[PDB]
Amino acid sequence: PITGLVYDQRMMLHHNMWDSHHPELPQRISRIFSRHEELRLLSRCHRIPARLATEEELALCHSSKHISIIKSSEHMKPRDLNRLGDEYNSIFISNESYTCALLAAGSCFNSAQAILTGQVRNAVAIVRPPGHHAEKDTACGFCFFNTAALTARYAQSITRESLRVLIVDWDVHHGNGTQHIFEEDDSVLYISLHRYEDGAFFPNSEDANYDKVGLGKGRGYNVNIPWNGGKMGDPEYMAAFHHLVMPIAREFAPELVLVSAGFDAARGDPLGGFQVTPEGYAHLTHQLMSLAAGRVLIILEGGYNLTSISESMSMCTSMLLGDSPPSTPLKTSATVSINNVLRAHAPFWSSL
């Protein structure tokens, strides 16, 4: 099989003890997996085992202080879990949370190793909790450890430190944690598309504006594509890929592509309120397959409509497997955003 897939039910264990209906649901991953079964995709994929990230692997991106706190949650009584959760922006913690975050990251290391040692060409990682808001020193926005960031460092640690890794983050929210981790790094290109609303959208920071292009040797290696006003869908995202994502990615000529693949920009998503279709995410995946000789790992981030995320992610796996892609003027604010990013990134990317 040319595509690997990682899925472990143990990552369902993480749960919100006080709100069993919180939208970051255990069945996010089971619903995705079972849709893979329905669409006859599981039989085509090589099953990659999950495993725990080690603490030394976590230290690739996270402080020992942060690591320490999250690990301590394993032995906390309910009252302390509740207090600890409450110290961060939108986090719940149960006693299984730590183990699940380890699994999510280790699952992605195994997937990256599977791709880099030629076991598979590409892979999809059906994991939770998500990763991309987690910073070096703190959890945030349902995220404990930065799964995609760790995977990029892990990939470098088992090849060469200078391995060029692209992270495309198509979650509807900005990956503050990913940007910050790699903000002064030219070895990891970070590209994020995200609803912004001039700062009114989570995570509610100007860090996500198109003018944050990176720092030091990192200048040009942080691309933020912010949406302001309007339910963006397939047209805006395709246009963003044509004018920005792909021209820049091609020039960077990455050796591994990581997708921070939230499906919360999908039609039906209560959190995102956008309109990207499964076929849309299919075309995005197919386009990214033209980079790094096909060496793409798709990592689940957010996405809260169980039907939308299951149909979307399954469609991405279908494209990785090499199926044909399945079959509208832009909103104005989208043209505007694309044009602003083009201007901010012209200094760095001659493709633009």
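In this text, residue numbers run from 1 along the sequence as written.
- The entry models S327 and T328 with a gap of 4 to 9 deposited residues left without coordinates.
- Of the two segments, 68 to 76 and 119 to 127, the one listed with the higher mean B-factor is 68 to 76 (C-alpha atoms only).
- On average the C-alpha atoms of 209 to 217 have higher B-factors than those of the other stretch, with 209 to 217 and 170 to 178 being the two compared.
- Residue set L297, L320, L306, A292: peak C-alpha B-factor at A292 (per PDB entry).
- Ranked against the other modelled residues of its chain, the C-alpha B-factor of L284 as given in the entry falls in the middle third.
- In the PDB entry, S43 places in the highest third of its chain by CA B-factor.
- In the deposited entry, the Cα temperature factor of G230 sits in the top third of values across the chain's modelled residues.
- Among all modelled residues in this chain, the alpha-carbon of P1 has a temperature factor (C-alpha) in the highest third.
- Annotation for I158: CA B-factor lies in the middle third of the chain's modelled residues.
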